[PDB]
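The chain contents come next:
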Amino acid sequence: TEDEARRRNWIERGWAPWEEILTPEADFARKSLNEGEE
Amino acid sequence: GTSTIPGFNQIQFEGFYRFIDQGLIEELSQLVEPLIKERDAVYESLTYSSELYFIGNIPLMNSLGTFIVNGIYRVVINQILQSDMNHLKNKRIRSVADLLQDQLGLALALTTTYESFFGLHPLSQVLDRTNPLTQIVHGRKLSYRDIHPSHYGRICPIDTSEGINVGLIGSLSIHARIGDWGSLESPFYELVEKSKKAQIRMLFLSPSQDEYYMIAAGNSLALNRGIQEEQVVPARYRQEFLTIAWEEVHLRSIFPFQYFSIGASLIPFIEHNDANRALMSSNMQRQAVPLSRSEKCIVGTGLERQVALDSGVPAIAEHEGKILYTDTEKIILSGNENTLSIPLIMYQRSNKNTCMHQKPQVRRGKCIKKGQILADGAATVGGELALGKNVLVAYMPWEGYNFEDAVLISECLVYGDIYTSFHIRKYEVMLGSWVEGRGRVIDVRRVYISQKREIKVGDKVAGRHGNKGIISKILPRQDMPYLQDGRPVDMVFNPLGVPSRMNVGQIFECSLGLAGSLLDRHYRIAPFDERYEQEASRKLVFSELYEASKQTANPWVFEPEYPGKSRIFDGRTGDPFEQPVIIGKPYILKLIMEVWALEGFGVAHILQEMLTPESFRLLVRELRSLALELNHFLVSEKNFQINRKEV
Amino acid sequence: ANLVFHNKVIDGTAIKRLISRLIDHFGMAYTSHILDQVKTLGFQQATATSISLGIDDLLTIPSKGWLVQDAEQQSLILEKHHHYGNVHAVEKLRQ
Amino acid sequence: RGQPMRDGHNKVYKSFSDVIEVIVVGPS
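Scope of this entry: the structure provided in the associated data block. All residue numbers given refer to positions from 1 along each chain's written sequence rather than to the entry's numbering, and residues for which no coordinates exist are omitted. For naming, the first written chain is A and the first written ligand is 1, with later ones following in the order written. For these chains, which sit within a larger assembly, all listed values pertain solely to the part presented. With hydrogens and water set aside, each side-chain value is computed from the structure's full complement of heavy atoms. Residues with missing side-chain atoms are left out of burial classes, side-chain pairs and their counts.

### Looking at the interface of chain C and chain B
The criterion used for residue contact is that any of the two residues' heavy atoms lie within 4.5 Å. Contacts between chain C and chain B engage 17 residues on the former and 28 residues on the latter. What makes a salt bridge here is a side-chain nitrogen of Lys or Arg within 4 Å of a carboxyl oxygen of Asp or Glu, nothing more. Inspection of the region where chain C meets chain B yields one salt bridge. Close ionic contact of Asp-57 of chain C with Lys-565 of chain B constitutes a salt bridge, the shortest N to O distance being 2.5 Å. In protein, a polar contact requires one atom able to donate a hydrogen and another able to accept it; more generally it is a pair of N or O atoms within 3.5 Å, and residues adjacent in sequence count only if both atoms are side-chain atoms. Along the contact surface separating chain C from chain B lie eight residue pairs in polar contact. Only DSSP runs of H or I with at least four residues qualify as helices, and only runs of E with at least two residues qualify as strands; both kinds are numbered from the N terminus onward. Mapped onto the side of chain C that touches chain B, the elements with two or more residues apiece are α2 (28-49) and α3 (64-84) of chain C. The element best represented in the side of chain C that touches chain B is α2 of chain C, accounting for six residues.

### Side note on the interface of chain B and chain D
Residue-level contacts link 12 residues of chain B with eight residues of chain D. Summed over both partners, the interface of chain B with chain D buries about 830 Å², with 78% contributed by carbon and sulfur atoms. Joining chain B to chain D, the criterion identifies zero salt bridges. Each residue belonging to the side of chain B that touches chain D can be placed in one class, and the counts come to six nonpolar, four polar and two charged. Accessible area that two parts lose when put together, evaluated with a 1.4 Å probe and summed over both, is termed the buried area. Note on residue classes: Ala, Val, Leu, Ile, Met, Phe, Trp, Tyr, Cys and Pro are nonpolar, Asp, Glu, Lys and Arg are charged, and everything else, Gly too, is polar.

### Let's talk about the sheet that holds strand β38 (residues 460-462) of chain B
Within a beta sheet, neighbouring strands are joined by backbone hydrogen bonds and run either parallel or antiparallel to one another. All names here are of chain B. Taken in spatial order, the nine strands make up an open sheet running β31-β44-β38-β39-β33-β40-β32-β43-β42, and their pairing is mixed. In this open sheet, the two edge strands, each paired with only one partner strand, are β31 (388-390) and β42 (565-566). One ladder, built from two bridges, connects strand β33 (residues 406-410) with strand β40 (residues 491-493); its direction is antiparallel. Residue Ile-409 lies in a different strand from β40, and its bridge partner there is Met-491. Sitting on the sheet, helix α11 (residues 505-519) is in contact with β32 (393-395), β43 (581-584) and β44 (587-590), with an inclination near 60 degrees to β43. DSSP-based pairing: two strands are paired if at least 2 bridges between them are found. A fitted line through C-alpha atoms serves as each axis, taken over the contacting stretch for helices, and the angle formed by two N-to-C directions is quoted from 0 to 180°.

### Quick notes on the packing of helix α3 (residues 96-107) of chain B against helix α4 (residues 112-120) of chain B
Residue and element names in this part refer to chain B. One way to put it is that α3 packs onto α4 with a least axis distance of 9 Å and a crossing angle of 140 degrees. Put simply, α3 runs oblique to α4. Remark: the crossing between α3 and α4 carries right-handed chirality. Counted together, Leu-99, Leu-100, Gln-103, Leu-104 and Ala-107 of α3 and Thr-113, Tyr-114, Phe-117 and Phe-118 of α4 form the full contact between these two elements. Partitioned by chemical class, the residues of the contact of α3 with α4 number seven nonpolar, two polar and no charged. Angular relationships are summarised with four words: roughly parallel below 35 degrees, roughly antiparallel beyond 145, roughly perpendicular across 65 to 115, and oblique for the angles in between. Each crossing gets its hand from how the near helix is turned against the far one by less than a right angle, where anticlockwise is left-handed and clockwise is right-handed.

### What about empty space enclosed by the protein?
All names here are of chain B. The volume enclosed by the largest cavity comes to roughly 200 Å³. Taken together, 20 residues line the largest cavity, and the ones lying closest to its centre are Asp-405, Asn-467, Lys-468, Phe-493 and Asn-494. Listing elements by their share of the lining of the largest cavity, those giving two or more residues are β33, β38, β39 (468-475) and α10 (497-501). Top contributing element to the lining of the largest cavity by residue count: α10, with three residues. The residue makeup of the lining of the largest cavity, split by class, is eight nonpolar, eight polar and four charged. Estimated volume of the second largest cavity: approximately 60 Å³. Among the residues making up the lining of the second largest cavity, the classes are represented as six nonpolar, one polar and two charged. Note on definitions: the grid is 1 Å and covers protein atoms alone; a cavity is a set of points where a 1.4 Å probe fits but cannot get out; a pocket is an open set with protein on both sides within 12 Å along at least five of seven lines; lining residues have an atom within 4 Å of a point. Grid points are joined across faces, edges and corners, and a volume is the space filled by probe spheres set on the points.

### Looking at the nonpolar core
Ranked by size, the top nonpolar core spans 54 residues in total, and within it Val-391, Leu-413, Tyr-419, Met-491, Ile-568 and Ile-583 of chain B carry the most contacts. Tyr-48, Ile-58, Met-61 and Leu-104 of chain B belong to the second largest nonpolar core, which has 23 residues in total. Within this scheme, the nonpolar core is defined by two criteria: the residues are buried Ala, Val, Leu, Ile, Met, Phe, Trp, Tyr or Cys, and they are joined through side-chain atoms within 4.5 Å. Each residue is placed in one exposure class: buried if its accessible area under a 1.4 Å probe, protein chains only, is under 20% of its type's maximum, exposed if it is over 50%, and partly exposed if it falls in between.

### So, the packing of helix α1 (residues 12-26) of chain C against α2 of chain C
All names here are of chain C. Here α1 crosses α2 at 145 degrees, and the two axes come no closer than 7 Å. Of the residues in α2, those touching α1 at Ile-15, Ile-19, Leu-22, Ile-23 and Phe-26 are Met-28, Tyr-30, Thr-31, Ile-34, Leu-35 and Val-38. Looking at the contact of α1 with α2, its residues break down into 10 nonpolar, one polar and no charged.

### Observations regarding a positive patch on the surface
Residues and elements named next belong to chain B. A patch consists of residues exposed above 30% relative accessible area that lack any salt bridge, with like charges linked at up to 9 Å and nonpolar side chains (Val, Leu, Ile, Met, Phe, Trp, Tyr) linked at up to 5 Å. To measure how exposed things are, a 1.4 Å probe is used in the Shrake-Rupley method; for residues, cover is taken only from the protein chains shown. For the purpose of charge, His is not counted, nor are the chain termini; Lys and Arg are scored as positive and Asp and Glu as negative. Think of each charge as sitting on NZ of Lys, CZ of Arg, CG of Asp or CD of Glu. Side chains of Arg-617, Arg-621, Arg-624 and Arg-644 sit close together on the surface and give a patch of like positive charge. No other element matches helix α15 (residues 614-624), which puts three residues into the positive patch. Summarising the element assignment, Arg-617 is placed in helix α15.

### Considering the sheet that holds strand β11 (residues 169-172) of chain B
Residues and elements named next belong to chain B. Here we have five strands laid out as an open sheet, ordered β7-β6-β9-β11-β10, and mixed in their pairing. Because the sheet does not close on itself, it has two edges, and the strands there are β7 (91-94) and β10 (155-160). Each neighbouring strand pair of the sheet contributes to a mean axis angle of 40 degrees, computed without reference to strand direction.

### Describing unusual backbone geometry
Residues and elements named next belong to chain B. One non-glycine residue, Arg-238, lies in the positive phi region at around 55 degrees. Phi at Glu-404 is positive, roughly 60 degrees, even though this residue is not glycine. By secondary structure assignment, the location of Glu-404 is in the loop between β32 and β33. Accessibility expressed as a relative area gives 55% for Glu-404, which makes it exposed.

### Things to note about α2 of chain C
For a helix, the expected span equals 1.5 Å multiplied by the number of residues minus one. Compared with an ideal rise of 1.5 Å per residue, which puts 22 residues at 32 Å, α2 of chain C spans 31 Å between its outermost C-alpha atoms and is within 8% of the ideal. Downstream of α2 of chain C by one or two residues, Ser-50 of chain C has phi in the positive range, about 60 degrees.

Structure (structure tokens):
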């Protein structure tokens, strides 16, 4: 499930949701591409 | 091959050395020099071979990569076989070493096995000896349809066959080489970091290694307010094209002739021609007849000298020294208390009935280095391939006599002997007779008859840009159009053939050829001169045209209103032609449902004549062999009586 | 003969239409002779004018340099922002 | 029948069923 895999990534592979400080262009790209293409 | 163009026969040469040095023992688990000479094996129709100790005979290879089997020159071509299935890293090349080693293994499971291999194996082919170019390119063929990215620098993308084998018989690139796993390798210049020895920066890459290097073909002539390392160039990577900074480039392709075969590399201004015409040009240059008098091209690529050296057509000194004696038959060279006599080929027939003939290029008392030229063969002047002539040419329609690919020529090409060639035909009579096939008996062993053929209506001519034509009309010099200096032109080509075929390179060549003749200059220009600057060919041609016009006081040569073109006059009337015409001196070579239609017209009796019955009587007997009878009965419309036709 | 007087230009489609009208009006024997005469006239005039082809005659439109340089600028800017992660590879491919 | 009869030179025999089944321009 998507609870043990996340825990597995943290413990075994050292995953952490580190903050990504994005430029306005990068911030727009992630927010707009979730809606569609054009 | 790291800093020069390699010998064109190096693949054949090195492969045969591997067979003798290592191949023999791998199959046997002494060699005696041949008792006869190569010229003897041809005269007596024997085989140039060596004795294995007496197990049998092993055919030997010449330095030109050719074998002499029963007097016939033979060449073993390279085969490409499966080791993306079309990637060259999944392919492998089997050369003469692989084939001769298989025959030896087949032989040990020794003479008749090799005679049968050369006579019957499809990879053993009779050497094409039409001209020096045909000899050198035959041994570089690859026999198996689409171009693959892995081919770049290894297999020529242009040179292929025309017909149904297209894409299955190709040519090796000029700088290509066979690796240690039957793989083709091409040299690239390595861009090395600061901290590394890197003695030789030229390295050969197999197709497997090619995808994972960033290879750029651009130059570093670009600067802005930043730094040079951040400028971008087109590069190849992972079988695609990118645009990346110079600092991310791993390798550079720097050799001018790296990506093309020999035939494509002899086309000046090739980057101004459509790629389809460059293929047709390669085929036409292989059909060019050696002329009785030979002449260097005014404009070339610079590869003509390499072809002359590697073809073996000229005579090159095997030893340094001084020249003591020259005549039509021999040249005597002495150096370091050793005297050598070198016979000269005279009026010898080739495979395709062309004339081979050597003329001395040195005089008495001339010092020679080892490997320098001594005599010029047919279609070779001064150590350069010379397949044609430079003639005065105008591009204009002329009363329909140059309609489509037809070509109009002047009589001066006939009585000037510009395109006269010798053709020796061997038929299996007193010497020197004039038999009538008209010709002169030159040698009786077999009767050899020599023909001197001048240019004629119906003969085919061609440039180096896929511009091929057929002579349709020969005019007196006073009927030809003539220039502002009064000289009539020698040939008139149709200008409508250029835009449809999209071969602009012939336009550059003819203009530059005219400038060279007036300036007493020849030009050897590597392809893709646009890498230096935009319109590099235009700048070179126009500047040389202006210099020729200025130095010789011939203002018509360079017209500022329309460079390259000039007003010319009609020889018949003396009136000028209305529009300016491009004139020049290019290098021109001389080359070596019906039933349904009748039924559609309703011509029943014509169809009956063209068919005539034995075709049907034979059909009845073959059907009788299958226990079937086919009887033809006629029923009379008058009395209804049935008649069995005699079939 | 009541032939119309053409006074503008005779191109490929104009001559094809005229021949078809000549065939329908005069028949094929007349038009066959007309074709031979028109063919001869065309060859003679093409020679007298002497159309040719030079480097200068291969005319590029004046604005190519402006248009190519604009396309290069847009591609160059998009390649930078692709490296920054502002557009993805398919968007760069399409553009 | 399947694999057809072949001779010594590895050639398949043909039955009766197999048996039954220059120019120059002149403008003037």
